[PDB]
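J.:
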Amino acid sequence: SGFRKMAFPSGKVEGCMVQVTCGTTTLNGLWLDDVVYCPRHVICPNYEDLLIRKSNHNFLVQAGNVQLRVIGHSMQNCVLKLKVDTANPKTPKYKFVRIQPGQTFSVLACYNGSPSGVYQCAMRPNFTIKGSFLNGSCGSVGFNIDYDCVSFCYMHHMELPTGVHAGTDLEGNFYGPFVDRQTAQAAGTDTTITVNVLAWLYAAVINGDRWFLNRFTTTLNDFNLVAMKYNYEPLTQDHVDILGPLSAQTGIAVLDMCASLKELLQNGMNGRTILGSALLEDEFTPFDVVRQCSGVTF
Amino acid sequence: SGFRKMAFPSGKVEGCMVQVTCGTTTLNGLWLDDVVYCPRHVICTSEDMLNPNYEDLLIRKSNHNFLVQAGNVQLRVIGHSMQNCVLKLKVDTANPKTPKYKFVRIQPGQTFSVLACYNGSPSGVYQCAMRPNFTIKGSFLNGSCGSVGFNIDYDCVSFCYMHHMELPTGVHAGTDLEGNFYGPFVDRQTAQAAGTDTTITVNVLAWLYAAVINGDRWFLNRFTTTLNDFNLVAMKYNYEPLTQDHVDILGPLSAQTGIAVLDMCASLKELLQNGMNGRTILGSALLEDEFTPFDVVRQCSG
Ligand SMILES: Cn1ncc2cncc(NC(=O)Cc3cccc(Cl)c3)c21
Ligand SMILES: Cn1ncc2cncc(NC(=O)Cc3cccc(Cl)c3)c21
Ligand SMILES: [Cl-]
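Those protein sequence lines, which keep their order, are chains A and B.
8 is the number of the first residue of the first sequence in our numbering; add one for each residue after it.
-6 is the number of the first residue of the second sequence in our numbering; add one for each residue after it.
(1) Using only Cβ atoms and a threshold of 7 Å, which residues come within that distance of a heavy atom of ligand 1? Order them by chain position.
(2) Give me the Cα-Cα distance between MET257/B and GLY251/B, rounded to the nearest whole angstrom.
(3) Is the CB of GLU7/B under 8 Å away from at least one CB in chain A?
(4) Alpha carbon to alpha carbon, how far is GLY283/A from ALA94/A? Give it in angstroms, no decimals.
(5) Out of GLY109/A, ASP289/A, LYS97/A, which has the shortest C-alpha to C-alpha gap to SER17/A?
(6) Look at the alpha carbon of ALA259/B and the alpha carbon of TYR202/B, and state the distance between them as a whole number of angstroms.
(7) Work out the CA separation of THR189/B and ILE36/B for me, nearest whole Å.
(8) Does the beta-carbon of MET269/B, which I'm using as the reference point, lie nearer than 7 Å to any heavy atom of ligand 2?
(9) Can you grab the Cα-Cα spacing for the pair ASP248/A / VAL202/A, in whole Å?
(10) Just list the residues that DSSP pairs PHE150/A with in beta bridges.
(11) Check whether the Cβ atoms of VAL79/B and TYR30/B sit closer than 8 Å, and answer yes or no.
(12) Mind checking which residues open and close the beta strand (DSSP E) that includes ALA173/A?
(13) Hey, does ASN112/B have any beta-carbon neighbour from chain A nearer than 8 Å?
(14) Buried or exposed for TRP200/B, please, with buried defined as at least 16 other CB atoms from any protein chain shown within 10 angstroms of its CB.
(15) Grouping DSSP H, G and I as helix and E and B as strand, with all else coil, what is residue 7/A?
(16) Taking 7 Å as the cut-off, does the CB of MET42/B come closer than this to any heavy atom belonging to ligand 2?
(17) Alpha helix (DSSP H) containing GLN182/B: first to last residue?
(18) If you measure between the beta carbons of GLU290/A and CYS128/A, is that distance less than 8 Å?
(19) Can you tell me whether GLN266/B is helix, strand or coil according to DSSP?
(20) Would you say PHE10/A lies against chain B (beta-carbon separation less than 8 Å)?
(21) With respect to 7 Å, is the separation between the Cβ of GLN299/A and the closest non-hydrogen atom of ligand 3 below this value?
(22) Inspect the CB distances between the stretch 8 to 16 of chain B and the stretch 168 to 184 of chain A and report whether three or more fall short of 8 Å.
(23) Is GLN103/B near ligand 4, judged by its Cβ being under 7 Å from some heavy atom?
(24) Does the pairing of the stretch 263 to 282 of chain B with the stretch 214 to 231 of chain B give three or more beta-carbon distances under 8 Å?
(25) Does DSSP put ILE99/B in a helix, in a strand, or in coil?
(26) Could you pull the start and end residues of the beta strand (DSSP E) that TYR126/A belongs to?
(27) What are the residues of the stretch 145 to 166 of chain A that lie near chain B, defined by any Cβ-Cβ distance shorter than 7 Å?
(28) Distance, Cα to Cα, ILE71/B vs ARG33/B?
(29) List the residues of chain A that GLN292/B touches, going by C-beta distances under 8 Å, in chain order.
(30) On the CB-based measure, 16 or more other CB atoms within 10 Å of its CB, does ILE206/B come out buried or exposed?
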C-alpha cells in the first residue's frame, strides 16, 4: 500500500554528469561514450558565428576531479556535442527519445556537474515542465528507464517568466514554441492531462478509496464536451484502450470512471481528499500506476 | 524557481542493494564493506510471526542457510549475528561500491529518501518524512522489506531507516540501521496500530517560508501571536506543538524573508481557520508538512 510520486533510480544517469565551462558560463553536460552533450547557449545570437570563433581548448570539461580534453565540437539544433578523448566507462545502455505531452520522466537536477536531487514530472500539454531549477541547472536531464536501458528524453535550457521550465530532446529540438535566447516568450494556456487523472483515480481505487465512485456511465462524446469546459485535454479512444488493464483490475469501466470525474469537476471534493490530495492529480500516466501498484524493478 | 518534493540521487545506495533468502522468505539487504544488513524476520515463517523467539530460530541456522545475491553473483556467508531487529550477515567479499556512510537515528519530522527494492533490485526512489506517530507514509508492496531510507550530505550517505512491515492502515514501520524500531512497534504479527497522527508544524511553517521566497504572499496577515496562543490554536487542528527550538531553527528563513517566526505563525492560524478559498500555495491545496527547514534552504539556495 501507499502511493507516492516516484522517480526512476538515478544511478545510471549520475555516472554521466559532467561540468562544462566556456568563458564565464558554467552548466552541466551528459557524457555518453566519447561525446559530451550540453545546451548550445554555453557559448553565449548567431550560434554558427559564435561556435566558429571557438577552439577545442576553450571548452573546459570536468568529470569529477578529472579534466576531459575536448578534441572536437559540432552543433545539432540547440545541443552542442563536444568530442572528448576519453570514452565514459560508466556509459549505460541508452537511447535518445522524444516524448509527447502527458508523458512523465525523472529529472536529475545538477549544479557544476554534481547531481543534487531527483524528482518526477510530466511534459505539460503547453510543452513546459513544472520543475524545480535554479541558475546553474542548465544541462540537467530527464529520463525513463525501461529494463536496463536509459531513454534520455529532456535537457534543461531555460526558465520562463512564470517559473515553469523549457528545454529540448537530446537531439536539440525544443519541446514547444520556444527559442534559446533572451526574448519575450511565455507559456501557452495549460490544460489538465485527462488520461493521467483517470489513471490516478484507478490508483486510488486500488488503494481502497472509493467514495467518488457512482452508478453512472457516460458516452465519450458527452465526457469530452464536459472536459473541454474545465480546461481538460480531450480523451481519445487510444486513451480508453490504454486504461483497459486498470479497468479490468478494479472492475470499473473507463467510461464509468469518466462519469466519476465529471461529478468531481462539477461538484468538487467537498472537504474530502483522494490519495492525500485535495486537487485532481495529472502527473502519473496509466503505465506509472501499473508499475507502482505491481512493483517493476531495474 | 519552482518547488518540488525532491529525493537525493539514489546511485550510491543502488550499488549496495542485495537479495537475501532464508528458506522460502526473500527480501532486500544492504551490503556495506563485508556485512549485509537485513530485517531479522527473514529467518521467520508466517506461523512464527505471532510469537517468534528469534534467538531460538537463529541458533538453528548455519551460514549456508542464508543465500545472498549481488546482481548475478552469489555472496558466500561466513558468519551471522543479531543486533536488535537487524540480522548482520558477514560475507566473504567486501562491496567495492561501498560509499562513505554513517548510520543515523532520526527524530519525527525529519525527512529522507526511500529506494524501494524487490529481490535486491531498485524500482523507484521517493521522498518522505518520519511522522510524529513514528510511522512513514510510504509506497511499499510485499517483498519490499529491507528497503532503506537515507540522506546524502556532501559525499556521505546517512542511512536512517530500514523497512520492516506494513501496519493495518497502510502505513509503514521500520528500524534505524542498528535494529531499533521507530515507535512502539515490534516485528510480530500482533495487534498493533499507529497512534493518532499529527501535522509537523515546523515543516508547514518552513513550506510557507518557501512560498514567500517563490513570490507567494497572499496568506500573510498584519497579526502576530504569542507562542502559547499559537500552540493552543494548533492543538485543536491536530498540529504538533511548536517549541522554542523550532522557532530558533526557523530563524534563517525569517531573516531571509523579513517575516518574524511568530508572524508566520499568525498566518498559519488564519489559514487553519479560513482554509485556502480556491487558492493554492506552491501548487498545493493542502498545507504541506514533509519539507523541513533544512530542505527549504537546500532547495531554494543550494
Ligand atoms: C537564471 N535561472 N534562474 C532560474 C533558472 C532555472 N533554469 C534555468 C535558468 N537559466 C536560464 O534561464 C538561462 C537562460 C536565459 C535565457 C535564454 C536561455 Cl536559453 C537560457 C534559471
Ligand atoms: C505484506 N505486505 N504488503 C504490503 C507491504 C509493505 N511492506 C511490507 C510488507 N510486509 C510485511 O508486513 C511482512 C511482515 C508481517 C508481519 C510482521 C512483520 Cl515485522 C513483517 C507488506
Ligand atoms: Cl533528526
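Note that the Cβ used here is the ideal one computed from N, Cα and C, for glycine as well.
T.: With the given structure in hand:
(1) Here the list is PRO46/A, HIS48/A, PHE140/A, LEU141/A, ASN142/A, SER144/A, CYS145/A, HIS163/A, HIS164/A, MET165/A, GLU166/A, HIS172/A, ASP187/A, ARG188/A, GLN189/A, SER(-6)/B.
(2) 10 Å
(3) yes
(4) 46 Å
(5) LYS97/A
(6) 13 Å
(7) 32 Å
(8) no
(9) 11 Å
(10) The partner list for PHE150/A (beta bridge, DSSP) reads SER113/A, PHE159/A.
(11) yes
(12) 172 to 175
(13) yes
(14) buried
(15) Chain A is shown from 8 up to 305; residue 7/A falls before or after that span and cannot be answered.
(16) yes
(17) Neither: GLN182/B is in no alpha helix (DSSP H) and is coded neither H nor E.
(18) yes
(19) helix
(20) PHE10/A counts as touching chain B.
(21) no
(22) no
(23) Ligand 4 is absent from the structure shown, which contains only ligand 1, ligand 2 and ligand 3.
(24) yes
(25) coil
(26) 121 to 129
(27) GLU166
(28) 17 Å
(29) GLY124, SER139
(30) buried
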